[PDB]
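There is one chain below, alone, in structure tokens, taken in the form deposited in one PDB entry.
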């Protein structure tokens, strides 16, 4: 209803941060949560059950509301579903007060087949109820007729606020991601611009047009497409993914597209330097520089304290600027 641009601004006004918490649970995370809960008499699951919005998830709610002892004995074929969903609710419950947005990477929810997609749906439902801005990190790409299916999955079924998109095929795909002509609906996306992987230079920097490196050409074309679609007129936007370890490019992008929205993964697990990243990407409307932190929170044995410290650090750095 309000539009992601407005959602982000309003939440930033309430919580005064740009922390984006990544929720990418792996098999080990789920297995560890199960083992740990069994050893501590299900303390975190019990807390989850006292939360109000658990009552508003779409998929197999009755299963999720059952006591763990009973799941294990009477609904054993749902055990993985139950512990996977409860791990997610546990992370969200422990950390949401510090989060401007949550980013869920689709790759983590698919490798078990359908079960993880039911978890992902419930996670999006839970975040929707909590009014927390969401990002689906799926790096979608295809021809127009095909990508409309991703638009439906992401923006209609999950009701995500935004997604990540790989526009190497071209920018016209965005017309079938960020806009629904039939319904007059508009949606936001972050396009891959400069990524964190060690060999990112190979195509993103080493290729060029008119003495500008590819990542610059790609950012400008994404903005051209945003203008064409009139997204910002409709309280939505196309933004850029710029790796937290990519200081020169972050500096270049913020200088040359002064009011762009940037999503920056790669701090914590991948060594990115938080001070340098946030400084090079800084904007006074700091929802425009989302700092994504995943494993440094989700693989930390004290996730609430980990989130708090990133919140506190970001806010100290934001203050300097």
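Shifts are known only where both forms have a C-alpha. Each form is matched to the other, and the largest set of C-alpha atoms that superpose within 1.5 Å is called the rigid core. Positions refer to the first chain, counted from 1.
Only in words, not in the display: the form deposited in another entry, which the text now covers.
Quiz item: Among 217, 143, 202, 72, which is the residue that shifts its C-alpha 2 Å or more between the shown form and the other one, core superposed?
Solution: The one that shifts is 72.
Self-check item: Cα displacement of residue 292 between the shown form and the other one reaching 2 Å, rigid core superposed
Solution: Residue 292 C-alpha, core-superposed: shift of less than 2 Å.
Quiz prompt | Core-superposed comparison between the shown form and the other one, residue 281 Cα displacement 2 Å or beyond | solution = Where the cores coincide, residue 281 still shows a C-alpha shift between the shown form and the other one that is 2 Å or more.
Quiz prompt | Outcome for the Cα pair residue 294, residue 279 in that other deposited form, compared with this form (closer or farther; change of 3 Å or more) | solution = They are closer; the C-alpha distance drops by 3 Å or more in that other deposited form.
Quiz item: Quick one: residue 72 and residue 86 C-alpha atoms, closer or farther in that other deposited form compared with this form (3 angstroms or more)?
Solution: Farther apart, by at least 3 Å.
Exercise. Just list the residue ranges, at least 3 long, where Cα displacement is 2 Å or more throughout between the shown form and the other one after aligning on the core.
Key: Residues 69 to 74, 277 to 281 form the runs that move by 2 Å or more between the shown form and the other one.
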